[PDB]
$ cat input-v7.pdb   # PDB, C-alpha atoms
ATOM      1  CA  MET A  84      -5.043 -17.713   0.620
ATOM      2  CA  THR A  85      -7.137 -16.407  -2.242
ATOM      3  CA  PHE A  86      -9.402 -13.347  -2.501
ATOM      4  CA  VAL A  87     -11.903 -11.919  -4.932
ATOM      5  CA  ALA A  88     -12.445  -8.412  -6.254
ATOM      6  CA  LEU A  89     -15.634  -6.808  -4.962
ATOM      7  CA  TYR A  90     -15.444  -3.780  -7.261
ATOM      8  CA  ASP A  91     -13.652  -2.709 -10.378
ATOM      9  CA  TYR A  92     -10.455  -0.751  -9.713
ATOM     10  CA  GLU A  93      -8.569   1.267 -12.341
ATOM     11  CA  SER A  94      -4.856   1.839 -11.716
ATOM     12  CA  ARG A  95      -3.782   5.352 -10.852
ATOM     13  CA  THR A  96      -0.042   4.756 -10.868
ATOM     14  CA  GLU A  97       2.585   2.614 -12.472
ATOM     15  CA  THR A  98       2.724   0.181  -9.508
ATOM     16  CA  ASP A  99      -0.895  -0.607  -8.677
ATOM     17  CA  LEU A 100      -2.989  -3.365 -10.224
ATOM     18  CA  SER A 101      -6.142  -2.763 -12.276
ATOM     19  CA  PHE A 102      -8.754  -5.452 -11.861
ATOM     20  CA  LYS A 103     -12.442  -6.073 -12.353
ATOM     21  CA  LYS A 104     -15.046  -7.374  -9.925
ATOM     22  CA  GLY A 105     -14.942 -11.138  -9.604
ATOM     23  CA  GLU A 106     -11.245 -11.473 -10.384
ATOM     24  CA  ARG A 107      -9.317 -13.871  -8.194
ATOM     25  CA  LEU A 108      -6.195 -12.623  -6.468
ATOM     26  CA  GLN A 109      -3.371 -14.053  -4.422
ATOM     27  CA  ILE A 110      -1.388 -12.089  -1.923
ATOM     28  CA  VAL A 111       2.273 -11.891  -2.688
ATOM     29  CA  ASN A 112       4.743 -11.645   0.181
ATOM     30  CA  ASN A 113       7.337  -8.883  -0.065
ATOM     31  CA  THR A 114       9.888  -7.557   2.416
ATOM     32  CA  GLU A 115       8.208  -4.134   2.353
ATOM     33  CA  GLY A 116       5.024  -5.368   4.032
ATOM     34  CA  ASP A 117       1.614  -3.690   3.884
ATOM     35  CA  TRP A 118       1.517  -0.083   2.691
ATOM     36  CA  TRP A 119      -0.184   2.649   4.740
ATOM     37  CA  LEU A 120      -1.173   6.261   4.079
ATOM     38  CA  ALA A 121       0.921   8.329   6.479
ATOM     39  CA  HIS A 122       1.475  11.903   7.527
ATOM     40  CA  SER A 123       4.959  12.983   8.522
ATOM     41  CA  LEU A 124       4.905  15.150  11.631
ATOM     42  CA  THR A 125       8.504  15.964  10.890
ATOM     43  CA  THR A 126       8.079  17.234   7.315
ATOM     44  CA  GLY A 127       4.337  17.823   6.927
ATOM     45  CA  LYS A 128       4.403  15.638   3.767
ATOM     46  CA  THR A 129       1.803  12.898   3.272
ATOM     47  CA  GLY A 130       1.765   9.691   1.221
ATOM     48  CA  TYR A 131       2.008   5.904   1.336
ATOM     49  CA  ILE A 132       4.732   4.159   3.330
ATOM     50  CA  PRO A 133       5.904   0.555   3.717
ATOM     51  CA  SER A 134       4.790  -0.850   7.089
ATOM     52  CA  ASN A 135       7.918  -2.796   7.882
ATOM     53  CA  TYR A 136      10.025   0.371   7.658
ATOM     54  CA  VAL A 137       8.522   1.840  10.846
ATOM     55  CA  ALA A 138       7.693   0.972  14.479
ATOM     56  CA  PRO A 139       5.374   2.471  17.120
TER      57      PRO A 139
ATOM     58  CA  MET B  84      -0.991   6.275  17.298
ATOM     59  CA  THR B  85       2.428   7.479  16.227
ATOM     60  CA  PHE B  86       5.334   5.635  14.580
ATOM     61  CA  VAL B  87       8.943   6.307  13.724
ATOM     62  CA  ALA B  88      10.981   5.636  10.603
ATOM     63  CA  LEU B  89      13.576   2.905  11.075
ATOM     64  CA  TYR B  90      15.288   3.484   7.726
ATOM     65  CA  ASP B  91      15.445   6.110   5.051
ATOM     66  CA  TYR B  92      12.985   5.546   2.202
ATOM     67  CA  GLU B  93      13.114   7.349  -1.155
ATOM     68  CA  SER B  94       9.840   7.608  -3.083
ATOM     69  CA  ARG B  95       9.537   5.557  -6.235
ATOM     70  CA  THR B  96       6.193   6.904  -7.397
ATOM     71  CA  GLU B  97       4.062   9.988  -7.268
ATOM     72  CA  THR B  98       1.944   8.668  -4.353
ATOM     73  CA  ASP B  99       4.433   7.313  -1.827
ATOM     74  CA  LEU B 100       6.120   9.299   0.928
ATOM     75  CA  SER B 101       9.881   9.851   1.173
ATOM     76  CA  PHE B 102      11.160  10.012   4.718
ATOM     77  CA  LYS B 103      14.340   9.671   6.717
ATOM     78  CA  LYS B 104      15.112   7.501   9.727
ATOM     79  CA  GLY B 105      13.818   9.007  12.942
ATOM     80  CA  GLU B 106      10.923  10.863  11.340
ATOM     81  CA  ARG B 107       7.635  10.682  13.189
ATOM     82  CA  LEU B 108       4.567   9.536  11.303
ATOM     83  CA  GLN B 109       0.853   9.281  11.897
ATOM     84  CA  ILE B 110      -1.385   6.833  10.157
ATOM     85  CA  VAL B 111      -4.105   8.417   8.129
ATOM     86  CA  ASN B 112      -7.408   6.594   7.732
ATOM     87  CA  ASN B 113      -8.725   6.251   4.188
ATOM     88  CA  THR B 114     -11.620   4.274   2.725
ATOM     89  CA  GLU B 115      -9.194   2.263   0.576
ATOM     90  CA  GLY B 116      -7.578   0.526   3.551
ATOM     91  CA  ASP B 117      -4.137  -1.091   3.606
ATOM     92  CA  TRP B 118      -2.506  -1.792   0.245
ATOM     93  CA  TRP B 119      -1.193  -5.260  -0.649
ATOM     94  CA  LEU B 120       0.961  -6.661  -3.452
ATOM     95  CA  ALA B 121      -1.298  -9.044  -5.359
ATOM     96  CA  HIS B 122      -1.223 -11.425  -8.275
ATOM     97  CA  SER B 123      -4.323 -11.778 -10.411
ATOM     98  CA  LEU B 124      -5.041 -15.408 -11.226
ATOM     99  CA  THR B 125      -7.545 -14.146 -13.737
ATOM    100  CA  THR B 126      -5.242 -11.855 -15.741
ATOM    101  CA  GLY B 127      -1.719 -12.860 -14.700
ATOM    102  CA  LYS B 128      -0.994  -9.175 -13.891
ATOM    103  CA  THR B 129       0.663  -8.223 -10.595
ATOM    104  CA  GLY B 130       0.698  -5.023  -8.532
ATOM    105  CA  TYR B 131      -0.631  -3.293  -5.425
ATOM    106  CA  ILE B 132      -4.325  -3.388  -4.538
ATOM    107  CA  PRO B 133      -6.513  -1.709  -1.910
ATOM    108  CA  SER B 134      -7.455  -4.203   0.825
ATOM    109  CA  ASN B 135     -11.018  -3.080   1.323
ATOM    110  CA  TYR B 136     -11.816  -3.766  -2.339
ATOM    111  CA  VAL B 137     -11.534  -7.550  -1.902
ATOM    112  CA  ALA B 138     -12.683 -10.431   0.337
ATOM    113  CA  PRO B 139     -11.455 -13.999   0.938
TER     114      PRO B 139
END
$ encode --input "input-v7.pdb" --output "structure tokens"
Amino acid sequence: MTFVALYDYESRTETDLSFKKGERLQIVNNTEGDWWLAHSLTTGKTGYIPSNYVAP
Amino acid sequence: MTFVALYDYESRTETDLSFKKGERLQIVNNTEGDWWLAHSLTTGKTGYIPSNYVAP
């Protein structure tokens, strides 16, 4: 299961990956799952969250 | 489309969201899409990437 970078991306944090268009990438499996941008109705705060940590 | 936090999560970076179990969350749509942990076969580097930036 291999992918390829459509555009350049420069990292904005210490945990993301910088790459250039054409690079070949493999998805790594982690226990955290996909990450989503979320808004907390409880706190009003907003930011990325690990999918597996929540349920509908 | 609302979810609820199964576990506490403490933020590790400046972009993720800290929350506590039971919090209610709403997914925000961004152009970047889901984020995945990836390994670059081209560079050997590893880190999170925005889904929409790549194709199989």
$ atom_distance --input "input-v7.pdb" --atom1 "atom CA of residue A:94" --atom2 "atom CA of residue A:116"
19.9 Å
$ calpha_fit_and_write --input "input-v7.pdb" --fixed "chain B" --moving "chain A" --output "compact mmCIF listing (two decimals) with C-alpha atoms, keeping the file's coordinate frame"
# COMPACT_ATOMS: atom_id res chain seq x y z
CA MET A 84 -0.99 6.27 17.30
CA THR A 85 2.43 7.48 16.23
CA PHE A 86 5.33 5.64 14.58
CA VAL A 87 8.94 6.31 13.72
CA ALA A 88 10.98 5.64 10.60
CA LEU A 89 13.58 2.91 11.08
CA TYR A 90 15.29 3.48 7.73
CA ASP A 91 15.45 6.11 5.05
CA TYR A 92 12.98 5.55 2.20
CA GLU A 93 13.11 7.35 -1.16
CA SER A 94 9.84 7.61 -3.08
CA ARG A 95 9.54 5.56 -6.24
CA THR A 96 6.19 6.90 -7.40
CA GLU A 97 4.06 9.99 -7.27
CA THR A 98 1.94 8.67 -4.35
CA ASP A 99 4.43 7.31 -1.83
CA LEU A 100 6.12 9.30 0.93
CA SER A 101 9.88 9.85 1.17
CA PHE A 102 11.16 10.01 4.72
CA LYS A 103 14.34 9.67 6.72
CA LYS A 104 15.11 7.50 9.73
CA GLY A 105 13.82 9.01 12.94
CA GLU A 106 10.92 10.86 11.34
CA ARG A 107 7.63 10.68 13.19
CA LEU A 108 4.57 9.54 11.30
CA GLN A 109 0.85 9.28 11.90
CA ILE A 110 -1.38 6.83 10.16
CA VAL A 111 -4.11 8.42 8.13
CA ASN A 112 -7.41 6.59 7.73
CA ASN A 113 -8.73 6.25 4.19
CA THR A 114 -11.62 4.27 2.73
CA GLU A 115 -9.19 2.26 0.58
CA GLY A 116 -7.58 0.53 3.55
CA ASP A 117 -4.14 -1.09 3.61
CA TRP A 118 -2.51 -1.79 0.25
CA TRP A 119 -1.19 -5.26 -0.65
CA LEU A 120 0.96 -6.66 -3.45
CA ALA A 121 -1.30 -9.04 -5.36
CA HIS A 122 -1.22 -11.43 -8.27
CA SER A 123 -4.32 -11.78 -10.41
CA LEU A 124 -5.04 -15.41 -11.23
CA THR A 125 -7.55 -14.15 -13.74
CA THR A 126 -5.24 -11.85 -15.74
CA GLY A 127 -1.72 -12.86 -14.70
CA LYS A 128 -0.99 -9.17 -13.89
CA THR A 129 0.66 -8.22 -10.60
CA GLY A 130 0.70 -5.02 -8.53
CA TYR A 131 -0.63 -3.29 -5.42
CA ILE A 132 -4.33 -3.39 -4.54
CA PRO A 133 -6.51 -1.71 -1.91
CA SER A 134 -7.46 -4.20 0.83
CA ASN A 135 -11.02 -3.08 1.32
CA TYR A 136 -11.82 -3.77 -2.34
CA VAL A 137 -11.53 -7.55 -1.90
CA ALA A 138 -12.68 -10.43 0.34
CA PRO A 139 -11.46 -14.00 0.94
$ residues_around --input "input-v7.pdb" --residues "stretch 132-137 of chain B" --least-positions-apart "4" --cutoff "8 Å" --atoms "all atoms listed in the file" --output "ChimeraX atom specification"
/A:86-90,99-101 /B:114-121
$ atom_distance --input "input-v7.pdb" --atom1 "atom CA of residue A:111" --atom2 "atom CA of residue B:107"
28.1 Å
$ closest_residue --input "input-v7.pdb" --among "A:91, A:105, A:96, A:131" --to "chain B" --atoms "all atoms listed in the file"
A:131
$ atom_distance --input "input-v7.pdb" --atom1 "atom CA of residue B:112" --atom2 "atom CA of residue A:108"
23.9 Å
$ closest_residue --input "input-v7.pdb" --among "B:109, B:123, B:97, B:92" --to "residue A:139" --atoms "all atoms listed in the file"
B:109
$ closest_residue --input "input-v7.pdb" --among "B:95, B:130, B:113, B:102" --to "chain A" --atoms "all atoms listed in the file"
B:130
$ axis_aligned_box --input "input-v7.pdb" --around "stretch 122-132 of chain A" --padding-each-side "3 Å" --output "JSON"
{"center_x": 5.0, "center_y": 11.0, "center_z": 6.4, "size_x": 13.0, "size_y": 19.7, "size_z": 16.4}
$ build_atoms --input "input-v7.pdb" --residues "stretch 105-127 of chain A" --atoms "N, CA, C and O atoms" --output "PDB file, in the frame of the given file"
ATOM      1  N   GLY A 105     -14.853  -9.718  -9.356  1.00  0.00           N
ATOM      2  CA  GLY A 105     -14.942 -11.138  -9.604  1.00  0.00           C
ATOM      3  C   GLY A 105     -13.596 -11.775  -9.868  1.00  0.00           C
ATOM      4  O   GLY A 105     -13.461 -12.993  -9.766  1.00  0.00           O
ATOM      5  N   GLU A 106     -12.595 -10.957 -10.194  1.00  0.00           N
ATOM      6  CA  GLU A 106     -11.245 -11.473 -10.384  1.00  0.00           C
ATOM      7  C   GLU A 106     -10.752 -12.182  -9.134  1.00  0.00           C
ATOM      8  O   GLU A 106     -11.174 -11.880  -8.029  1.00  0.00           O
ATOM      9  N   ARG A 107      -9.854 -13.135  -9.314  1.00  0.00           N
ATOM     10  CA  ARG A 107      -9.317 -13.871  -8.194  1.00  0.00           C
ATOM     11  C   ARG A 107      -7.872 -13.482  -8.038  1.00  0.00           C
ATOM     12  O   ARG A 107      -7.133 -13.442  -9.024  1.00  0.00           O
ATOM     13  N   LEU A 108      -7.479 -13.227  -6.797  1.00  0.00           N
ATOM     14  CA  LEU A 108      -6.195 -12.623  -6.468  1.00  0.00           C
ATOM     15  C   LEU A 108      -5.485 -13.384  -5.371  1.00  0.00           C
ATOM     16  O   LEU A 108      -6.104 -13.904  -4.455  1.00  0.00           O
ATOM     17  N   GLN A 109      -4.169 -13.407  -5.441  1.00  0.00           N
ATOM     18  CA  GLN A 109      -3.371 -14.053  -4.422  1.00  0.00           C
ATOM     19  C   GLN A 109      -2.398 -13.051  -3.846  1.00  0.00           C
ATOM     20  O   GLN A 109      -1.752 -12.297  -4.581  1.00  0.00           O
ATOM     21  N   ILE A 110      -2.287 -13.035  -2.529  1.00  0.00           N
ATOM     22  CA  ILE A 110      -1.388 -12.089  -1.923  1.00  0.00           C
ATOM     23  C   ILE A 110       0.033 -12.556  -2.102  1.00  0.00           C
ATOM     24  O   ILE A 110       0.365 -13.712  -1.868  1.00  0.00           O
ATOM     25  N   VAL A 111       0.866 -11.641  -2.554  1.00  0.00           N
ATOM     26  CA  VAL A 111       2.273 -11.891  -2.688  1.00  0.00           C
ATOM     27  C   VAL A 111       2.995 -11.353  -1.462  1.00  0.00           C
ATOM     28  O   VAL A 111       2.686 -10.262  -0.987  1.00  0.00           O
ATOM     29  N   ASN A 112       3.939 -12.122  -0.935  1.00  0.00           N
ATOM     30  CA  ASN A 112       4.743 -11.645   0.181  1.00  0.00           C
ATOM     31  C   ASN A 112       5.965 -10.880  -0.303  1.00  0.00           C
ATOM     32  O   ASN A 112       6.735 -11.378  -1.121  1.00  0.00           O
ATOM     33  N   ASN A 113       6.125  -9.656   0.188  1.00  0.00           N
ATOM     34  CA  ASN A 113       7.337  -8.883  -0.065  1.00  0.00           C
ATOM     35  C   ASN A 113       7.926  -8.403   1.255  1.00  0.00           C
ATOM     36  O   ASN A 113       7.251  -8.409   2.289  1.00  0.00           O
ATOM     37  N   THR A 114       9.190  -7.996   1.216  1.00  0.00           N
ATOM     38  CA  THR A 114       9.888  -7.557   2.416  1.00  0.00           C
ATOM     39  C   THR A 114       9.374  -6.196   2.898  1.00  0.00           C
ATOM     40  O   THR A 114       9.596  -5.811   4.043  1.00  0.00           O
ATOM     41  N   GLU A 115       8.672  -5.477   2.028  1.00  0.00           N
ATOM     42  CA  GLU A 115       8.208  -4.134   2.353  1.00  0.00           C
ATOM     43  C   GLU A 115       6.993  -4.167   3.277  1.00  0.00           C
ATOM     44  O   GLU A 115       6.782  -3.254   4.074  1.00  0.00           O
ATOM     45  N   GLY A 116       6.199  -5.227   3.185  1.00  0.00           N
ATOM     46  CA  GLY A 116       5.024  -5.368   4.032  1.00  0.00           C
ATOM     47  C   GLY A 116       3.851  -4.566   3.502  1.00  0.00           C
ATOM     48  O   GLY A 116       3.912  -4.062   2.385  1.00  0.00           O
ATOM     49  N   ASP A 117       2.786  -4.457   4.291  1.00  0.00           N
ATOM     50  CA  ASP A 117       1.614  -3.690   3.884  1.00  0.00           C
ATOM     51  C   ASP A 117       2.006  -2.233   3.657  1.00  0.00           C
ATOM     52  O   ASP A 117       2.971  -1.763   4.241  1.00  0.00           O
ATOM     53  N   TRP A 118       1.274  -1.516   2.816  1.00  0.00           N
ATOM     54  CA  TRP A 118       1.517  -0.083   2.691  1.00  0.00           C
ATOM     55  C   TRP A 118       0.380   0.713   3.315  1.00  0.00           C
ATOM     56  O   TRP A 118      -0.795   0.369   3.150  1.00  0.00           O
ATOM     57  N   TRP A 119       0.753   1.772   4.037  1.00  0.00           N
ATOM     58  CA  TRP A 119      -0.184   2.649   4.740  1.00  0.00           C
ATOM     59  C   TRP A 119      -0.078   4.105   4.283  1.00  0.00           C
ATOM     60  O   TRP A 119       1.012   4.586   3.988  1.00  0.00           O
ATOM     61  N   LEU A 120      -1.197   4.811   4.290  1.00  0.00           N
ATOM     62  CA  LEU A 120      -1.173   6.261   4.079  1.00  0.00           C
ATOM     63  C   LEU A 120      -0.715   6.933   5.367  1.00  0.00           C
ATOM     64  O   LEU A 120      -1.334   6.744   6.412  1.00  0.00           O
ATOM     65  N   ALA A 121       0.375   7.696   5.294  1.00  0.00           N
ATOM     66  CA  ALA A 121       0.921   8.329   6.479  1.00  0.00           C
ATOM     67  C   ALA A 121       1.155   9.822   6.308  1.00  0.00           C
ATOM     68  O   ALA A 121       1.340  10.335   5.199  1.00  0.00           O
ATOM     69  N   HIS A 122       1.196  10.482   7.456  1.00  0.00           N
ATOM     70  CA  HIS A 122       1.475  11.903   7.527  1.00  0.00           C
ATOM     71  C   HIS A 122       2.702  12.094   8.374  1.00  0.00           C
ATOM     72  O   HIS A 122       2.744  11.603   9.491  1.00  0.00           O
ATOM     73  N   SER A 123       3.708  12.778   7.833  1.00  0.00           N
ATOM     74  CA  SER A 123       4.959  12.983   8.522  1.00  0.00           C
ATOM     75  C   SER A 123       4.845  14.216   9.403  1.00  0.00           C
ATOM     76  O   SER A 123       4.613  15.319   8.911  1.00  0.00           O
ATOM     77  N   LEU A 124       4.982  14.027  10.705  1.00  0.00           N
ATOM     78  CA  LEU A 124       4.905  15.150  11.631  1.00  0.00           C
ATOM     79  C   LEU A 124       6.199  15.932  11.542  1.00  0.00           C
ATOM     80  O   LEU A 124       6.267  17.108  11.881  1.00  0.00           O
ATOM     81  N   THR A 125       7.232  15.289  11.031  1.00  0.00           N
ATOM     82  CA  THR A 125       8.504  15.964  10.890  1.00  0.00           C
ATOM     83  C   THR A 125       8.559  16.878   9.673  1.00  0.00           C
ATOM     84  O   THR A 125       9.130  17.963   9.746  1.00  0.00           O
ATOM     85  N   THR A 126       7.959  16.461   8.556  1.00  0.00           N
ATOM     86  CA  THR A 126       8.079  17.234   7.315  1.00  0.00           C
ATOM     87  C   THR A 126       6.765  17.884   6.864  1.00  0.00           C
ATOM     88  O   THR A 126       6.769  18.788   6.026  1.00  0.00           O
ATOM     89  N   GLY A 127       5.649  17.408   7.400  1.00  0.00           N
ATOM     90  CA  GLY A 127       4.337  17.823   6.927  1.00  0.00           C
ATOM     91  C   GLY A 127       3.886  17.118   5.635  1.00  0.00           C
ATOM     92  O   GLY A 127       2.735  17.266   5.214  1.00  0.00           O
TER      93      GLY A 127
END
